[PDB]
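Worksheet for the structure shown next.
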Amino acid sequence: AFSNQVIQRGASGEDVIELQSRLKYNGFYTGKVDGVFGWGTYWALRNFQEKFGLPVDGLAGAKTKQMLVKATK
């Protein structure tokens, strides 16, 4: 359900809601799902990238999104 746009710090809206929710389901995102990409989302996403063997950068491009979808199955 992700768009084709890279999700990164400062973003807001539907892609961020889904990103935070998937990271929460996987145990990485602890805060309130608010749809705003700040420190808590950056931290959770980098920890997800590290755990899943992706380059650790805190930006969700195609490969990170695909891994997050696969990991939430």
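Neighbour counts run over all protein chains shown; Cβ positions are idealised from the backbone, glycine included. Since every read-out is calculated from the coordinates, none of them should be taken as a lab result.
I'd like the residue in the range 7-34 that is of a type in the set (A, V, I, L, M) and part of a loop (DSSP other than H, G, I, E, B) and, out of all such residues, is farthest from residue 61 (Cα to Cα). That would be 33.
Of all residues in the range 46-73, those that are within 16 Å of residue 16 (Cβ to Cβ) have Cβ atoms under 7 Å from Cβ atoms of residues that are among the small types (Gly, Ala, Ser) and surrounded by 14 or more Cβ atoms within 10 Å (Cβ to Cβ), 6 or more apart or on another chain, in 46/58. In the range 21-47, the residue that is surrounded by the most Cβ atoms within 10 Å (Cβ to Cβ) out of those that are in contact with a strand residue (DSSP E or B) (Cβ under 9 Å, 6 or more places away or on another chain) and of a type in the set (A, V, I, L, M, F, W, C) is 45.
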